[PDB]
Amino acid sequence: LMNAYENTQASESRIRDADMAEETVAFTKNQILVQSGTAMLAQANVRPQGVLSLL
Amino acid sequence: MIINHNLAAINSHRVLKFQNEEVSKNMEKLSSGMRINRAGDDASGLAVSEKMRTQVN
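Participant: What am I meant to see in the overall build of chain B here?
Facilitator: A tally of helices and strands in chain B yields 2 helices and 0 strands. Each principal axis of the C-alpha atoms in chain B carries an extent, and together these give about 65 × 20 × 10 Å. Split into buried and exposed, the 57 residues of chain B put 5% on the buried side. Of the roughly 5,200 Å² of accessible surface on chain B, 57% is carried by carbon and sulfur atoms. Across chain B, the centroid of the 8 positively charged side chains sits 1 Å from that of the 6 negatively charged ones.

Below, the structure written as structure tokens:
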């Protein structure tokens, strides 16, 4: 029993428990991408301001 | 001078509108971070990308 328990626990941990390295790599990638996205949104927000130059 | 129609204005407006279209095309992919976002940019590339996406999954 004390071997079946550890084997079943290992299987369940493999199924349900995450891996920190991959999760944090994805987190850093998504953080960089969202920073770039908000920077580009800020850049695009001011883009139509050039039309007033010909008004 | 002919003042009924301003041809230089029309030429500059056309160049401006196409430059703005290209600017928007650059900006959308800069925001998304992917080379192709909707079909027509690279159909074969998008199909191959979907194939490799299915493969990696």
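Read on, since the account is not over.
Participant: What is the right way to read the interface of chain A and chain B from this model?
Facilitator: By convention, interface size is frequently given as the accessible area that disappears when the constituent parts associate. Listed by partner, the interface residues are 5 residues for chain A and 7 residues for chain B. In this assembly, chain A packs against chain B so that about 520 Å² is buried in total across both faces, 65% of it on carbon and sulfur atoms. Along the contact surface separating chain A from chain B lie 0 salt bridges. Where chain A meets chain B, there are 1 residue pair in polar contact.

Criteria and thresholds
- Residues numbered from 1 in each chain as written, not as in the entry; some residues may be left out.
- Chains lettered and ligands numbered in written order.
- Part of a larger assembly, values for the part shown.
- Heavy atoms only, no water.
- Helix = DSSP H or I, 4+ residues; strand = E, 2+ residues; numbered from the N terminus.
- Buried < 20%, exposed > 50% of the residue type's maximum accessible area, 1.4 Å probe, protein only.
- Areas by Shrake-Rupley, 256 points an atom, 1.4 Å probe, with all protein chains shown as cover.
- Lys, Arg positive; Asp, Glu negative; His and termini not counted.
- Charge placed at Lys NZ, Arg CZ, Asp CG, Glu CD.
- Contact = heavy atoms within 4.5 Å.
- Buried area = accessible area lost by both parts, 1.4 Å probe.
- Salt bridge = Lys/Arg side-chain N within 4 Å of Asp/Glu carboxyl O.
- Polar contact = N/O pair within 3.5 Å; in protein donor to acceptor, adjacent residues only side chain to side chain.

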